[PDB]
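A.B. asks: Per the numbering used here, the very first residue in the sequence shown carries number 10; after that it's consecutive. C-beta atoms are modelled at their ideal positions from N, C-alpha and C, and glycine is treated no differently.
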Amino acid sequence: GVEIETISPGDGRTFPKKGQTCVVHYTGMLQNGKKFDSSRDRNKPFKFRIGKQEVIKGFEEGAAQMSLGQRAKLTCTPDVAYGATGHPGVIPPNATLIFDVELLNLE
């Protein structure tokens with residue numbers, strides 16, 4: 010389950026498609042918890058493509074459901090990313106993820 014809560018401005022039409030490498034100012038947030046990841050710190054805004062299952066499933070579907078300039082707010086279910094396993098030391102098992110995602114991309 011991907012929940013989209015968009016801070017309004019953007020264009021609403023440049024949708025990410027297959028074979029397109031897109032650029033995201035992501036920011037990780039734990040529900041009832043602190044941050045765990047941020048592209049704002051490293052300031053290299055994570056050039057990644059679409060259709061290769063590089064990222065987790067909750068962030069993969071939320072990437073295609075945005076457009077250029079938009080600033081959404083993801084709510085990733087545990088079963089699509091880490092809720093059974095848990096990323097070791099960083100993500101506990103059964104964790105619901107929150108992301109600040111802005112799509113300022115290319116292609």
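When DSSP builds the beta bridges, which residues end up paired with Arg58?
C.D. replies: Bridge partners of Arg58: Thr30.
A.B. asks: By the DSSP assignment, the alpha helix (DSSP H) with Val110 in it spans what residues?
C.D. replies: Run containing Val110: none in the alpha helix (DSSP H); it sits in the beta strand (DSSP E), 106-112.
A.B. asks: Using 8 Å as the cut-off, can you tell me whether the stretch 66-85 makes contact with the stretch 20-33, which would need three or more C-beta pairs spanning the two stretches below that distance?
C.D. replies: Taking 8 Å as the limit for Cβ pairs, the verdict is that the stretch 20-33 does touch the stretch 66-85.
A.B. asks: So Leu83 and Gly67 are in contact, right, with Cβ under 8 Å, and what is the actual spacing, rounded?
C.D. replies: That belief holds up - the Cβ atoms of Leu83 and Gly67 are roughly 7 Å apart, short of 8 Å.
A.B. asks: Would you check if the stretch 88-97 and the stretch 34-41 touch, i.e. whether three or more CB-CB distances between them fall below 8 Å?
C.D. replies: No, because fewer than three Cβ pairs between the stretch 34-41 and the stretch 88-97 fall closer than 8 Å, the two stretches do not touch.
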